[PDB]
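**Q** Questions regarding the structure given below will be posed in turn.
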Amino acid sequence: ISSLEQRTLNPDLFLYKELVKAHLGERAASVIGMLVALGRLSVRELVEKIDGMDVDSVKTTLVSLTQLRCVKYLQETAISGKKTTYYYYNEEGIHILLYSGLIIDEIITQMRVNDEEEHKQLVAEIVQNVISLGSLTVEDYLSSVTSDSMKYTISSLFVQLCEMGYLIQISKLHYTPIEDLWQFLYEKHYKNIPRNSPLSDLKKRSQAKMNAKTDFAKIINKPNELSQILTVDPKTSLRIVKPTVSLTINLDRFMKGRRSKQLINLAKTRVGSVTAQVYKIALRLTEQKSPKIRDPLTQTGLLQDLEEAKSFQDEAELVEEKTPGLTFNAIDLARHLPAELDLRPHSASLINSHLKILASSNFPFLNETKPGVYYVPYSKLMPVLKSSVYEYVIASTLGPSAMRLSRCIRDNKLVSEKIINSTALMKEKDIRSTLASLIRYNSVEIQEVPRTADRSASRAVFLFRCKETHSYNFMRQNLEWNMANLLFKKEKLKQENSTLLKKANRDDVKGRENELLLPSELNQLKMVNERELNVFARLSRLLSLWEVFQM
Amino acid sequence: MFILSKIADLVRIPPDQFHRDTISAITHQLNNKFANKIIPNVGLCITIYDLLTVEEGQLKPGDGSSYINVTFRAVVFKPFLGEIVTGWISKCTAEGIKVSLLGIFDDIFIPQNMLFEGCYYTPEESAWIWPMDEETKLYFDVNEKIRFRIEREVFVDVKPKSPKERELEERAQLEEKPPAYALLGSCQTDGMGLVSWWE
Amino acid sequence: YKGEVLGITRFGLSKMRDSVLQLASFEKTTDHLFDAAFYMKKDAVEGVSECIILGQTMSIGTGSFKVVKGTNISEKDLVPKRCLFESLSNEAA
Amino acid sequence: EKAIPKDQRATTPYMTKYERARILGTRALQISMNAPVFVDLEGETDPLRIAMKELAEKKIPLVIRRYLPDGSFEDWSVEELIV
Amino acid sequence: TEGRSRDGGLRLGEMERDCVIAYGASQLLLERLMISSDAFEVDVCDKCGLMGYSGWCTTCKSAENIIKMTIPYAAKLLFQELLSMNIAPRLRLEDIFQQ
Amino acid sequence: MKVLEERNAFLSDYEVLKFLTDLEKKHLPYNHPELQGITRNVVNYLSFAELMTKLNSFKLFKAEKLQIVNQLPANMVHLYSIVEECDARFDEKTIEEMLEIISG
Amino acid sequence: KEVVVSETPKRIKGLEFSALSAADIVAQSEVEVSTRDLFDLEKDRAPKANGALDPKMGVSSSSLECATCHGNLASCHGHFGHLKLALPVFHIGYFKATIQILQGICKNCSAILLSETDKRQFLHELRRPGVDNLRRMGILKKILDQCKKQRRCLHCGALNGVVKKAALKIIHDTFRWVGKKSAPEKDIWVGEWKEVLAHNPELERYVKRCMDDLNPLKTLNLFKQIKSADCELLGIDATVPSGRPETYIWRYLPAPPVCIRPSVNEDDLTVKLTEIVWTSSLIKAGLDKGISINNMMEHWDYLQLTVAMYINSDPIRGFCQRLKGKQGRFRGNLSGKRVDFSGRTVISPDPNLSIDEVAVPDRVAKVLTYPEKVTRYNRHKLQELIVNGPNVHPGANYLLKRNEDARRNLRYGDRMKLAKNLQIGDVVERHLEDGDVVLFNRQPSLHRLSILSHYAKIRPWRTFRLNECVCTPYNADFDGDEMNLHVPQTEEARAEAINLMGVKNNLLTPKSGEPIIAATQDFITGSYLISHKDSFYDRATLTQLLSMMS
Ligand SMILES: [Zn+2]
Ligand SMILES: [Zn+2]
Ligand SMILES: [Zn+2]
């Protein structure tokens, strides 16, 4: 009765096999199950691993998974000359299946600042089939609509929404792995050397590297460059979309807007209540030009040495305060500050009054270079954002006393139990219990001393570290397993009530005032689709906690 | 109703039965295996109709009995969708009716939605009554020639329980099982039900 | 026959015998079958050491062949039967 | 798929002594399970020595499936082999 | 059992096994080692490869694909001592007869 | 055990009754507790070369055609019960024309 | 009514080896062993439920019965249980291979410490058709010593030293490859000692020995993040759901069946299982009442010590000690084993019986039987053996009917009644007769001719009498040594023994194709003394001498 078979699954294999078995069929899950469980795979390798589908029925799925961006392939060859495609998986093609209810209700809430209209029903409908078809142009969607009063309306909001982000065209860089896109680009700048060049080999290595570093950042921003918007007034409507491009959705602008949703939630518990609203519009303006939640240059390798991580932290702190969009003052907020703020009329001097208070808090919300020019730090706040929410998931679940030790161990950072009860104020068996229920998770390690020759625990005192990444990666996937378990029990419940749901779709297409049935099962259907909507409620609640540690 | 089915199988001929003709020696073993027995998911076999292909008899190092791979055809009671079938009424239960078929296949059930228009059960005499007309109340009596159309066959995959559970129910039995294969008969249209209404 | 001089000691049989239970009766310690479980090896039951461990007949000597009892059908009565409803239904459709 | 037609049977026409022991051990196993014998047994009861009689007059109704290491198999009747 | 002052049992061990392999006598070796020393009718499972009781598999609660085989009891005793050491000898079975 | 195809062909019940009468002559000891009982209970339960032509000339469908020669309709409503769309798919005058085929 | 049941005779084609999951151990379990109380002493020392020796796990006596299959000691197959360990411990058999994958992962984010360009190069070397066992173990070493070469990760900026042993501890030193460089890991390292060493400098003497330890509560949690696209690059192949590397840490422990460890006197394994349970109880109750970290580790190193003694114990026998030695399983129960229908007797000479015969004592022939299955041809013969019964030699000890699956003992009852009712398929066990195939060896069995096959001959003394020309392959003489007679029991095993192992067919050694059964020491002398040049015989002496040999 207790799900113990699922306690032994790889929680990303158990997740990714469930985000496609519910949405796609049970054949797409079998393919992408092997791609997670075996890495890179050919087609002639998948037909030897699956054993239950032949060489063409897997090719039915491969041309459909790439439609939904769930496969990030590569078409490369050996030295003999046979071009063998090694299909991979990608997570962001699966996360759009995971965030799929949040993406629609984000673009609804972001498109309430441009038109007071039913676009919250209408722009939700256009984004509903940019995801369910993955890649599409505009005119095939314009082919299905007939009324030009609405056809011009949807074509207007296409270029309006794509103006401020959320949609870019598809490319091969969307379907090629970043670490293999990097090394081929790294080898463009290696064989371009003069033959028998007198440069030393470490400098020969660095000549290939920093030439490719700005070259790698160039290729990523090529879809971020707005060349798709270039269809300028052929008869009217000074900017519209390009028809011949296949227009997809990006996630790096959504997650960036999703990160900004987290930071206003941190601010509501530390720095006032009305001034956090001022903080909300502040980050909402300087939003699209913000750096990503995760540099794709990190996952290309490049951390074999110590200095390139320092080189990454050079440009990471560079962009948060030396970007022409990301430098703002208290003057610019009132241009987009709406009405009904009621900060007791609004004026930029009182804005700078409540912009000063977002500097003096211990959390680096808004530091400043110039006294009017404020900016939000990202390399300094995001490694303390996740440290704050991790302390309260421990506090909510393991009691509030477990929060006390998890910070007392954090600053003292090699503390022992003789020093705990000096710097804590509980009874010692209560200390030795709530610490014991906290080593079971990776929130603390234990640092032993070998007082004797061997590392004996008889006469030895133990010390207590608090590692960041071991405590986080465990909490990252304790949620990710719980996120996947919850969809497993969703799908198992819908599949055992299949003869109800088949009757609920066929006999009563319209006649649901009586169901053309008995009232002894519509109440039973009521407690199915309530739990079927309550499970996605707990999904979105959990997904906000999970996405913190993704950054 | 009666169809044939190409079935491949591995038979065991004990070596005392080598004196027979090898055609009749195979079919005797096949009739031991298939007569009066539900083939899973195709219905009730009756006899073995012919033989199509035998191999050469292969032997284990265990015993001397030869093992022949044989493919054959057998008669099998599989009535198709919507077929007018007769029978003889066994008992009128409260929720439906079960009708015998002269010991061949007695697991027939006709539910409420498969009866006539307005049939009600009488617990005082265990009989179904249908109010036909001004002369309303007709009689679904017991052990007479019935006429009814089947609707759907069912394949109850019977499943043996655990030996700790198989023995505890056997222990308390000393002081019903689900039929593996059954039919959903119906009396929707006129002409159905009793044959005496239309003989 | 593996290209080098192997020898009939413990390393030479490991080159020869890719199996687990044949080398297990060779050994005097026990960790030859823990990395059989770790690296998840999957051996056949072909060699005569593990044939008699698992109790099934080795394939040398009298197990080298198979004995078959020939049937005396000779395609005589393996003509199929009538089924003259298909002669009826050919005229139907 | 796999078979060898009896005009291109490559192997030996002589009965291997390992074949002779399983043929007599099989046929004696059948005879002890009440199988009918084909030789005029002169009042003997033991199922081995009856089976040795049948191999002398070549009256033993078995064939031998000589498997080849590729997967093929030749079939040789026991009255065809040379003992 | 062991010894002389019991009922008895004469050990056939590791060196006469070698002798009857050299004769090629394969059913004697099957009989003298398994059939008349320790024969054991056991119930394997076909999808798991583990041994079930009473025609019933335990690691998959079904009597469905249980096969009944004869095996040396010392090989049964071996497998249940390997499952306790946390290795799993999973028997992979197949049919004896070509189709 | 494998069933290769579930329905090789249909069987008109005269073929089955002709088969099992030959089985009773062939099996007259050969006592089966299961076979000999059920092959007796099916032949009393079930209780041709000229009728196999005129039904096929009517262009009725072979699925429901077999039940005409399996059990014989003693009434017009039973003949209505076999063929679906008896009044709509074809005319009325040939329906009683099939009735003397039943008596013949 | 009833379903067509079918069965095919099958055959083992392979063994597959893997560890079990925590879900595979529970799925085969019948009880969860939770108490150390073997017996409740108030109910006459009966085996207490949910402890060890619980009757759902099997039975040790033939009087009591099991609680799962309800079979006695003869027919119970034995049933497992399991045993949930709080604070998991390292498996002692996989402890070498727990090391070899900690030498292969990041130890911060637990990603593999390899680049991609050689990774897909390595996977081509392993997925190729030319892979053998030690070939793959050679590649898996070739990709492990290469993995110990790289000093940082590709996924995070952590640096990684070496990881090795310490008994049952695993120790990572992050440093020893920093030299003088690699500041920020060392900076937070030497920064955090100043919170302690500036308080109590007694621990300053032990700073060079304090390294980053890897206890099984965080070695387990480090294994749960290896993201199994590269477990096959650790030699795992994680397509199987028990592939995953954290299945090699003892979270759950199977309690073996009571058939594996009986009670004659508790067993060595039964007393080890309770000790493991007791330690787990001390640990689980200690984690909630509040115990110190100094004695939590003292118990949890002791719990790991017991399970280490449970498998190896290297003076009690573990499980590995039951499998090792020439008295253990592999040579002592699987290759060699005491057999039935055998006898052992002093040998003795007999020139009068043929070279293919052996003289069996008629006291052994009364106890060594043959399962003669009755037919048409020996129906009258076996009826005479029934009525003679077990105590005269042309006789029989048992009778096993066609269906009654229990041997009627001919010592009791009316034997004339059972002889008229002798069917055509039921087995008598008749006494060893003249001409039965027997086996016969000397032990020490040096060569192939050291076990041969004869025809029995039934004689009135108490000793085996082979011919003297046959004592050369056994390499024996008549000085008090003994031989071993084996009576085969099946018609196939009786016919392979007389035809392949017969004396007349084995008259030559296979070593060189030379005669090995020929005239012995005293049959060469009497033969030389006849064919000596001056022996002359008349008709009276000659024809008497020709009648000696005939
Ligand atoms: Zn199983
Ligand atoms: Zn039991
Ligand atoms: Zn790393």
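By convention here, the chains of the structure tokens are called A, B, ... in the order presented, each chain's residues are numbered starting at 1, and ligands are numbered starting at 1 in the order presented.
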I'd like the neighbourhood of residue 226 in chain A as a list in words, where a residue qualifies if any of its atoms comes within 9 Å (using only C-alpha atoms), though same-chain residues fewer than 3 positions away should be ignored.
**A**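 Selected residues are residues 162, 163, 168, 222, 223, 229 and 230 of chain A.
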**Q** For N, CA, C and O atoms, I'd like the residues from the last selection saved as a PDB file, in the first residue's frame.
**A**
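Below is the file again.pdb, written as the result:
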ATOM      1  N   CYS A 162       6.007  38.897 -28.934  1.00  0.00           N
ATOM      2  CA  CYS A 162       7.373  38.577 -29.332  1.00  0.00           C
ATOM      3  C   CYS A 162       8.304  39.779 -29.233  1.00  0.00           C
ATOM      4  O   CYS A 162       9.525  39.594 -29.168  1.00  0.00           O
ATOM      5  N   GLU A 163       7.752  40.998 -29.222  1.00  0.00           N
ATOM      6  CA  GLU A 163       8.553  42.201 -29.000  1.00  0.00           C
ATOM      7  C   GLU A 163       9.235  42.171 -27.644  1.00  0.00           C
ATOM      8  O   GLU A 163      10.440  42.430 -27.539  1.00  0.00           O
ATOM      9  N   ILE A 168      10.788  32.930 -29.626  1.00  0.00           N
ATOM     10  CA  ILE A 168      11.801  33.106 -30.655  1.00  0.00           C
ATOM     11  C   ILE A 168      11.636  31.988 -31.672  1.00  0.00           C
ATOM     12  O   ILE A 168      10.890  31.032 -31.461  1.00  0.00           O
ATOM     13  N   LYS A 222      22.013  34.959 -31.090  1.00  0.00           N
ATOM     14  CA  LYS A 222      21.483  35.109 -32.443  1.00  0.00           C
ATOM     15  C   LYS A 222      19.976  34.873 -32.547  1.00  0.00           C
ATOM     16  O   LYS A 222      19.329  35.618 -33.301  1.00  0.00           O
ATOM     17  N   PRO A 223      19.348  33.904 -31.860  1.00  0.00           N
ATOM     18  CA  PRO A 223      17.881  33.950 -31.786  1.00  0.00           C
ATOM     19  C   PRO A 223      17.369  35.007 -30.838  1.00  0.00           C
ATOM     20  O   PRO A 223      16.225  35.451 -30.994  1.00  0.00           O
ATOM     21  N   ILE A 229      11.396  39.883 -36.095  1.00  0.00           N
ATOM     22  CA  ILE A 229      10.399  40.946 -36.078  1.00  0.00           C
ATOM     23  C   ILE A 229      10.395  41.754 -37.369  1.00  0.00           C
ATOM     24  O   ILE A 229       9.431  42.481 -37.642  1.00  0.00           O
ATOM     25  N   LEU A 230      11.428  41.601 -38.201  1.00  0.00           N
ATOM     26  CA  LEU A 230      11.609  42.410 -39.407  1.00  0.00           C
ATOM     27  C   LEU A 230      10.622  41.983 -40.489  1.00  0.00           C
ATOM     28  O   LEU A 230      10.932  41.216 -41.403  1.00  0.00           O
TER      29      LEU A 230
END
**Q** Around ligand 3, out to 7 Å and counting only C-alpha atoms and all ligand atoms, which residues are there? I want them as a PyMOL selection string.
**A** chain G and resi 106+108-111+153-158
**Q** If you run DSSP on the backbone, which residues of range 344-436 of chain G are strand (DSSP E or B), as JSON, numbers by chain?
**A** {"G": [344, 345, 346, 347, 348, 349, 357, 358, 359, 360, 361, 369, 370, 371, 372, 373, 396, 397, 398, 399, 400, 408, 409, 427, 428, 429, 430, 431]}
**Q** Would you mind listing the residues within 6 Å of ligand 1, counting only C-alpha atoms and all ligand atoms, as an NGL selection string?
**A** :E and (45 or 47-48 or 57 or 59-60)
**Q** Tell me, in Å to one decimal, how far CA of residue 168 in chain B is from CA of residue 30 in chain G.
**A** 17.1 Å
**Q** Report as a PDB file with C-alpha atoms, in the first residue's frame: the residues of range 49-206 of chain G with a DSSP assignment of alpha helix (DSSP H), based on the backbone of this structure.
**A**
ATOM      1  CA  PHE G  95      33.166  -2.389  -0.281  1.00  0.00           C
ATOM      2  CA  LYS G  96      35.952  -2.627  -2.848  1.00  0.00           C
ATOM      3  CA  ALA G  97      33.493  -1.525  -5.528  1.00  0.00           C
ATOM      4  CA  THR G  98      31.967   1.190  -3.359  1.00  0.00           C
ATOM      5  CA  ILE G  99      35.510   2.610  -3.418  1.00  0.00           C
ATOM      6  CA  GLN G 100      35.851   2.300  -7.187  1.00  0.00           C
ATOM      7  CA  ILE G 101      32.816   4.472  -7.882  1.00  0.00           C
ATOM      8  CA  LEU G 102      33.726   7.047  -5.251  1.00  0.00           C
ATOM      9  CA  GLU G 116      32.637  14.035 -23.057  1.00  0.00           C
ATOM     10  CA  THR G 117      34.994  13.410 -25.978  1.00  0.00           C
ATOM     11  CA  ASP G 118      36.591  10.388 -24.338  1.00  0.00           C
ATOM     12  CA  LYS G 119      33.282   9.410 -22.686  1.00  0.00           C
ATOM     13  CA  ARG G 120      31.605   8.594 -25.996  1.00  0.00           C
ATOM     14  CA  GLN G 121      34.947   7.134 -27.062  1.00  0.00           C
ATOM     15  CA  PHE G 122      34.827   4.826 -24.037  1.00  0.00           C
ATOM     16  CA  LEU G 123      31.198   3.862 -24.609  1.00  0.00           C
ATOM     17  CA  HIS G 124      32.110   2.879 -28.158  1.00  0.00           C
ATOM     18  CA  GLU G 125      34.801   0.638 -26.670  1.00  0.00           C
ATOM     19  CA  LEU G 126      32.230  -1.026 -24.410  1.00  0.00           C
ATOM     20  CA  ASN G 133      34.882 -10.230 -19.364  1.00  0.00           C
ATOM     21  CA  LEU G 134      38.459  -9.271 -18.522  1.00  0.00           C
ATOM     22  CA  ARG G 135      38.499  -7.158 -21.666  1.00  0.00           C
ATOM     23  CA  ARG G 136      35.687  -5.067 -20.192  1.00  0.00           C
ATOM     24  CA  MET G 137      37.278  -5.156 -16.738  1.00  0.00           C
ATOM     25  CA  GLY G 138      40.452  -3.975 -18.440  1.00  0.00           C
ATOM     26  CA  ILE G 139      38.640  -1.062 -20.071  1.00  0.00           C
ATOM     27  CA  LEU G 140      36.886  -0.300 -16.775  1.00  0.00           C
ATOM     28  CA  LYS G 141      40.295  -0.029 -15.141  1.00  0.00           C
ATOM     29  CA  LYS G 142      41.558   2.039 -18.093  1.00  0.00           C
ATOM     30  CA  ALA G 183      43.014  28.944  -2.854  1.00  0.00           C
ATOM     31  CA  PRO G 184      39.229  29.093  -2.229  1.00  0.00           C
ATOM     32  CA  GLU G 185      38.688  25.487  -1.176  1.00  0.00           C
ATOM     33  CA  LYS G 186      41.714  25.755   1.115  1.00  0.00           C
ATOM     34  CA  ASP G 187      40.640  29.236   2.237  1.00  0.00           C
ATOM     35  CA  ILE G 188      37.294  28.052   3.580  1.00  0.00           C
ATOM     36  CA  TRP G 189      39.180  25.027   4.911  1.00  0.00           C
ATOM     37  CA  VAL G 190      41.791  26.915   6.925  1.00  0.00           C
ATOM     38  CA  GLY G 191      39.189  29.570   7.670  1.00  0.00           C
ATOM     39  CA  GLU G 192      36.859  27.145   9.408  1.00  0.00           C
ATOM     40  CA  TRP G 193      39.512  25.649  11.700  1.00  0.00           C
TER      41      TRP G 193
END
**Q** Taking only C-alpha atoms and all ligand atoms into account, which residues are within 7 Å of ligand 2, as a ChimeraX atom specification?
**A** /G:56-58,66-71,76-79
**Q** Convert the current residue selection to file output with N, CA and C atoms, as a PDB file, in the first residue's frame.
**A**
ATOM      1  N   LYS G  56       6.594 -18.014   9.749  1.00  0.00           N
ATOM      2  CA  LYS G  56       6.423 -17.579   8.373  1.00  0.00           C
ATOM      3  C   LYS G  56       7.712 -17.655   7.571  1.00  0.00           C
ATOM      4  N   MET G  57       8.846 -17.886   8.221  1.00  0.00           N
ATOM      5  CA  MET G  57      10.127 -17.991   7.548  1.00  0.00           C
ATOM      6  C   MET G  57      10.584 -19.424   7.372  1.00  0.00           C
ATOM      7  N   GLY G  58       9.798 -20.397   7.808  1.00  0.00           N
ATOM      8  CA  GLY G  58      10.169 -21.787   7.708  1.00  0.00           C
ATOM      9  C   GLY G  58      10.177 -22.452   9.063  1.00  0.00           C
ATOM     10  N   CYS G  66       5.142 -24.912   8.838  1.00  0.00           N
ATOM     11  CA  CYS G  66       5.329 -23.535   8.424  1.00  0.00           C
ATOM     12  C   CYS G  66       4.015 -22.774   8.513  1.00  0.00           C
ATOM     13  N   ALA G  67       4.118 -21.451   8.459  1.00  0.00           N
ATOM     14  CA  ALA G  67       2.941 -20.606   8.523  1.00  0.00           C
ATOM     15  C   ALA G  67       2.619 -19.936   7.204  1.00  0.00           C
ATOM     16  N   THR G  68       3.465 -20.088   6.191  1.00  0.00           N
ATOM     17  CA  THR G  68       3.177 -19.572   4.860  1.00  0.00           C
ATOM     18  C   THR G  68       2.673 -20.672   3.937  1.00  0.00           C
ATOM     19  N   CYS G  69       3.460 -21.726   3.762  1.00  0.00           N
ATOM     20  CA  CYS G  69       3.079 -22.838   2.911  1.00  0.00           C
ATOM     21  C   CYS G  69       2.397 -23.956   3.681  1.00  0.00           C
ATOM     22  N   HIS G  70       2.449 -23.906   5.015  1.00  0.00           N
ATOM     23  CA  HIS G  70       1.897 -24.919   5.922  1.00  0.00           C
ATOM     24  C   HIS G  70       2.442 -26.310   5.618  1.00  0.00           C
ATOM     25  N   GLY G  71       3.716 -26.362   5.250  1.00  0.00           N
ATOM     26  CA  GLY G  71       4.420 -27.606   5.035  1.00  0.00           C
ATOM     27  C   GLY G  71       5.402 -27.827   6.165  1.00  0.00           C
ATOM     28  N   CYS G  76       8.577 -27.867   3.170  1.00  0.00           N
ATOM     29  CA  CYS G  76       8.716 -26.418   3.137  1.00  0.00           C
ATOM     30  C   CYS G  76       9.977 -26.028   2.388  1.00  0.00           C
ATOM     31  N   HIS G  77       9.843 -25.106   1.442  1.00  0.00           N
ATOM     32  CA  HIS G  77      11.016 -24.626   0.730  1.00  0.00           C
ATOM     33  C   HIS G  77      11.759 -23.536   1.481  1.00  0.00           C
ATOM     34  N   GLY G  78      11.204 -23.022   2.569  1.00  0.00           N
ATOM     35  CA  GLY G  78      11.837 -21.932   3.279  1.00  0.00           C
ATOM     36  C   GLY G  78      11.475 -20.587   2.691  1.00  0.00           C
ATOM     37  N   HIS G  79      11.182 -19.614   3.544  1.00  0.00           N
ATOM     38  CA  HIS G  79      10.700 -18.318   3.101  1.00  0.00           C
ATOM     39  C   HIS G  79      11.559 -17.234   3.721  1.00  0.00           C
TER      40      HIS G  79
END
**Q** Need to verify the contact set: residue 61 in chain E, 10 Å, only C-alpha atoms, exclusion of same-chain residues closer than 4 positions in sequence. Can you return it as an MDAnalysis selection string?
**A** (chainID B and resid 161:162) or (chainID E and resid 56:57) or (chainID G and resid 27:28)
**Q** Could you take the residues named above and write them with N, CA and C atoms, as a short mmCIF file (atom, residue, chain, number, x, y, z; two decimals), in the first residue's frame?
**A**
data_model
loop_
_atom_site.label_atom_id
_atom_site.label_comp_id
_atom_site.auth_asym_id
_atom_site.auth_seq_id
_atom_site.Cartn_x
_atom_site.Cartn_y
_atom_site.Cartn_z
N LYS B 161 -5.55 -17.45 -6.50
CA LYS B 161 -5.09 -16.63 -5.39
C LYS B 161 -3.87 -17.27 -4.74
N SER B 162 -3.35 -16.60 -3.71
CA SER B 162 -2.16 -17.06 -3.04
C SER B 162 -2.46 -18.32 -2.23
N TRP E 56 3.61 -20.58 -6.76
CA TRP E 56 3.26 -19.18 -6.57
C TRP E 56 4.53 -18.37 -6.43
N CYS E 57 4.64 -17.29 -7.19
CA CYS E 57 5.76 -16.39 -7.04
C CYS E 57 5.44 -15.34 -5.99
N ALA G 27 9.85 -7.37 -1.57
CA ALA G 27 8.90 -8.08 -2.42
C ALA G 27 8.97 -9.59 -2.23
N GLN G 28 10.10 -10.11 -1.79
CA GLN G 28 10.24 -11.53 -1.53
C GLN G 28 10.05 -11.87 -0.07
#
**Q** Excluding same-chain residues fewer than 5 positions from residue 80 in chain G, what lies within 10 Å of it counting only C-alpha atoms, as a ChimeraX atom specification?
**A** /E:80,83-84 /G:25-32,56-58,254-260
**Q** I want to know what sits within 10 Å of residue 23 in chain C, based on only C-alpha atoms, with residues of the same chain fewer than 4 positions away left out; could you give that as a PyMOL selection string?
**A** chain C and resi 10+13-14+17-19+27+32-33+49-50
**Q** Could those residues be written to a file, using C-alpha atoms, as a PDB file, in the first residue's frame?
**A**
ATOM      1  CA  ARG C  10      43.744 -18.216 -11.919  1.00  0.00           C
ATOM      2  CA  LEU C  13      41.285 -19.324 -16.715  1.00  0.00           C
ATOM      3  CA  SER C  14      39.724 -15.872 -16.357  1.00  0.00           C
ATOM      4  CA  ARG C  17      36.294 -18.773 -18.959  1.00  0.00           C
ATOM      5  CA  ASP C  18      33.934 -15.803 -19.120  1.00  0.00           C
ATOM      6  CA  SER C  19      31.598 -17.506 -16.621  1.00  0.00           C
ATOM      7  CA  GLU C  27      38.695 -20.341  -6.316  1.00  0.00           C
ATOM      8  CA  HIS C  32      34.877 -13.503  -7.475  1.00  0.00           C
ATOM      9  CA  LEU C  33      31.087 -13.627  -7.234  1.00  0.00           C
ATOM     10  CA  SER C  49      30.966 -27.805 -14.523  1.00  0.00           C
ATOM     11  CA  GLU C  50      27.845 -25.651 -14.247  1.00  0.00           C
TER      12      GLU C  50
END
**Q** What does the distance from CA of residue 283 in chain A to CA of residue 250 in chain A come to in Å, to one decimal?
**A**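 Going from CA of residue 283 in chain A over to CA of residue 250 in chain A, I get 19.8 Å.
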**Q** Of the residues G:425, G:515, G:4, G:532, which is the one nearest to residue 14 in chain B, using only C-alpha atoms?
**A**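 Result for the nearest residue to residue 14 in chain B: G:425.
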**Q** If you count only C-alpha atoms, which residues fall within 12 Å of residue 219 in chain A, apart from same-chain ones fewer than 3 positions away, as a list in words?
**A**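 Residues meeting the cut-off are residues 171, 172, 173, 174, 178, 181, 182, 185, 212, 213, 214, 215, 216, 222, 223, 224, 225, 296 and 297 of chain A.
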**Q** Residues of chain B within 6 Å of chain C, counting only C-alpha atoms - could you list those as number ranges by chain?
**A** B: 52, 56-59
**Q** Figure out the distance between CA of residue 458 in chain G and CA of residue 19 in chain E, please, to one decimal in Å.
**A** 26.7 Å
